[PDB]
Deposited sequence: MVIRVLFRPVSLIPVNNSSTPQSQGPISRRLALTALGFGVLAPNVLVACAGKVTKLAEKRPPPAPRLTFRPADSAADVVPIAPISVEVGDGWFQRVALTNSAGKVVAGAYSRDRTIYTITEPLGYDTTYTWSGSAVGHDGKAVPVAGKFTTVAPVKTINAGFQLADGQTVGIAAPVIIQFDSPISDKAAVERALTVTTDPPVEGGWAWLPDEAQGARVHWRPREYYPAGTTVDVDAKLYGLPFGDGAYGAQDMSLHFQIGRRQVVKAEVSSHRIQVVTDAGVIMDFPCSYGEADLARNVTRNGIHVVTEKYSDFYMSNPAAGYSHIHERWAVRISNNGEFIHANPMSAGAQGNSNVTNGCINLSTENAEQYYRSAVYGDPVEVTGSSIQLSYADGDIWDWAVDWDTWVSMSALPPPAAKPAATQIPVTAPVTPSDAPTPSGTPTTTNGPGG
């Protein structure tokens, strides 16, 4: 009487497909239907935590907005209505990748920390890294004002790989810094995967430069206010190479009102290298390896020093090197720094 052909059943498309394994936890997750709309859709993990997602306006595509765990099986549930009014089930599952190890990371600065104009940004991993190149492309640095700088890999330590970021010149005073590392779901190398996304905000403090000419027996501290400290001092006399204040731009890191160090008890000490070079107080009259001040002067200097303040050392036979230990970043040419990037340069 009135004959014809039955019309369209809905057509579900899962990205990722049912029973997929080794799914990367930051891949795009979705279920798309055709010839019909979604009545309900929801995705849960093995423990029944509902994962937040979102429909498309047409309500024919559902998508996950938050990223997933590792080594976790997720399942789909819901229905989509066809032109019938016939509801059809939306049901499926997949398991995310389960890496050999999650490699972590951690900046050596805190959020909101205020530092000197030569502060490097140091990320320290808790493992070696096959694809250093890939971990780098995840990194982003934003400064205000904008400033030229660059990532660079140093020799893996006993904790693991490490990477430093350095602006080519000093930060302008007051510069805000915002660094972002998108490492979650990131294949570091082999079956190892990045622990988690990281981010850091910090600011550069007042411009303060130290001027330390070994032959002058003087040290100067210079700021926006001008020379604010000119002190007589004693440098390391180049008679034995254990006892020469190394040459080049140093960076202040630690400081102690009172410390006890059984070398390779200080007062008002400021560390300017992991080789054990300090600016501090000690009984003298101008030699050694440090930079000696009167107790009174060392105290004045000390109270003004700040993590990341540069100390310019000049006129010395022995350049500051990797051998001296962190921070040896500013004691190499920009081109050689750029060379240490795991990606090729502009």
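Comparing the deposited sequence with the modelled residues shows gaps at 1-55, 320-326, 349-356, 417-451, with numbering starting at 1.
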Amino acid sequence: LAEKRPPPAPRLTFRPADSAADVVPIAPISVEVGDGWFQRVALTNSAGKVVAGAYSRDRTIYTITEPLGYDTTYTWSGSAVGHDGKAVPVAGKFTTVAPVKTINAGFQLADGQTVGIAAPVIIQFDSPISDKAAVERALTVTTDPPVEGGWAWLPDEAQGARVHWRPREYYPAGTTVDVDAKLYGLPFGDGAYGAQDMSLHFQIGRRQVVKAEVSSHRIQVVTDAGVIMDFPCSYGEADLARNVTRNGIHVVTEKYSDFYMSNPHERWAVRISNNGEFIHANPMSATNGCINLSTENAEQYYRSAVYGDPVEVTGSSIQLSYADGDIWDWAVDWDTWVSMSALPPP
From here on, numbers count along this sequence of modelled residues.
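Taking the mean C-alpha B-factor of each stretch as recorded, 150-158 and 116-124 are not equal, and the higher mean is that of 150-158.
Taking the mean C-alpha B-factor of each stretch as recorded, 129-137 and 249-257 are not equal, and the higher mean is that of 129-137.
Which of 312, 296, 277, 309 has the largest Cα B-factor in the deposited entry comes down to 296.
Per the PDB entry, 283 shows the highest C-alpha temperature factor of the residues 289, 48, 53, 283. In the deposited entry, the Cα temperature factor of residue 38 places it in the middle third of its chain's modelled residues. In the PDB entry, residue 305 places in the lowest third of its chain by CA B-factor. Among the modelled residues of the chain, residue 86 sits in the highest third by CA temperature factor in this PDB entry. Residue 101: CA B factor in the middle third of modelled residues in this chain (values from the PDB entry).
For residue 216, the recorded CA B-factor ranks within the lowest third of the chain. Only modelled residues enter the ranking.
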